[PDB]
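Listed next as structure tokens is one chain, alone, in the form deposited in one PDB entry.
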């Protein structure tokens, strides 16, 4: 894995090790845990532990033991601790971790397993031995320096929604959003803005109360001329939808549920400067995909 969208919540910076912190939400499937740091020049071993509570006597059960160890070979040791007793070790060699090297660990929770990627490469999978609903604390021990920890939950898609685009906007770039208009929705908006110039390159504003689709750009602290022509208002309150914002060389092509909706001639000509996605309004956000 390698997150295309940066929308981590509850960002933690430079935590002191050992760090024992409460996971601010339940680890439901689709949940991501992102840990960034580096291995000190001495480091013999360190561990990331998803635990059920933080009692240390008796030692809290460790639902998921992620234990990178540095030795001749070099590996990542995984296990589970119930009633202070270790279960069967699952060991992965060809360790992505190395001394004096920085890393990004993405721990993804699946219905039946944890899937782990380190530095954009798949590293290992881990079957749940303890229900994940029982995990509420993150423990980090050993010789490792933590720069930042971040999370992505179900609420991670709560509104207002803001997210950075880890891949510059440019021709061929697609952005899709799936969601559902609320039953009594007035309107909602999806914007592509340029963080730098705090400009709104594309403002897609479906308004359900007036059955119209306002499209415009906000540049130089000002709204331009609106674009509302459309063969037919595609949105209806309470309706599930998927929207495709496709950036092309001269304009944006936007479709809803597999049917073309409109085109929008680029007003912000620095396509690459479009590094932000904002979603807000009267809808239920279900999914967002950059690429």
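Residue numbers count along the first chain shown, from 1.
Colleague: With reference to the PDB entry, specify whether the mean Cα temperature factor is higher for 158 to 166 or for 141 to 149.
Modeller: It is 158 to 166 that shows the higher mean C-alpha B-factor.
Colleague: Out of 219, 175, 181, 118, which one has a C-alpha B factor higher than all the others in the entry?
Modeller: The C-alpha B-factor peaks, among 219, 175, 181, 118, at 219.
Colleague: Out of 37, 258, 238, 53, which shows the largest CA B-factor listed in the entry?
Modeller: In this record, 53 carries the highest C-alpha B-factor of the candidates.
Colleague: Relative to the other modelled residues of the same chain, rank the CA B-factor of residue 233 and answer lowest, middle or highest third.
Modeller: For residue 233, whose C-alpha B-factor we compare with every modelled residue in the chain, the answer is the middle third.
Colleague: So where's residue 74 on the chain's Cα temperature factor ranking, which third?
Modeller: Ranked within chain, residue 74 CA B lands in the highest tercile.
Colleague: What third of its chain's C-alpha B-factors does residue 60 belong to: lowest, middle or highest?
Modeller: CA B-factor rank for residue 60: highest third.
Colleague: Please place residue 101 in the lowest, middle or highest third of its chain by C-alpha B factor as given in the entry.
Modeller: For residue 101, whose C-alpha B-factor we compare with every modelled residue in the chain, the answer is the middle third.
Colleague: Per the entry's values, where does residue 246 land by CA temperature factor relative to the rest of its chain, in the lowest, middle or highest third?
Modeller: For residue 246, whose C-alpha B-factor we compare with every modelled residue in the chain, the answer is the middle third.
Another form, the form solved in complex with a partner chain, is not on view; read the next lines as being about it.
Colleague: Please tell me whether the candidate spot formed by 40, 59 and 140 is one where all three residues come within 4.5 Å of its partner chain in the bound PDB entry (heavy atoms).
Modeller: The answer is no: none of the three residues contacts the partner (heavy atom, 4.5 Å cut-off).
Colleague: Using a 4.5 angstroms cut-off on non-hydrogen atoms, would residue 29 count as touching its partner chain in the bound PDB entry?
Modeller: Residue 29 lies outside the contact set for its partner chain.
Colleague: Is there any non-hydrogen atom of residue 230 lying within 4.5 Å of its partner chain in the bound PDB entry?
Modeller: No - in the bound PDB entry, heavy atoms of residue 230 and its partner chain never come within 4.5 Å of each other.
Colleague: Does residue 35 make contact with its partner chain in the bound PDB entry, using a 4.5 Å heavy atom cut-off?
Modeller: Flag for residue 35 set to no.
Colleague: Might residue 45 be said to contact its partner chain in the bound PDB entry, defining contact as any heavy atom within 4.5 Å?
Modeller: No, no contact at 4.5 Å.
Colleague: Could you tell me which stretch in 175 to 183, 89 to 97, 123 to 131, 197 to 205 has residues with non-hydrogen atoms within 4.5 Å of its partner chain in the bound PDB entry?
Modeller: Single hit among the candidates: 175 to 183.
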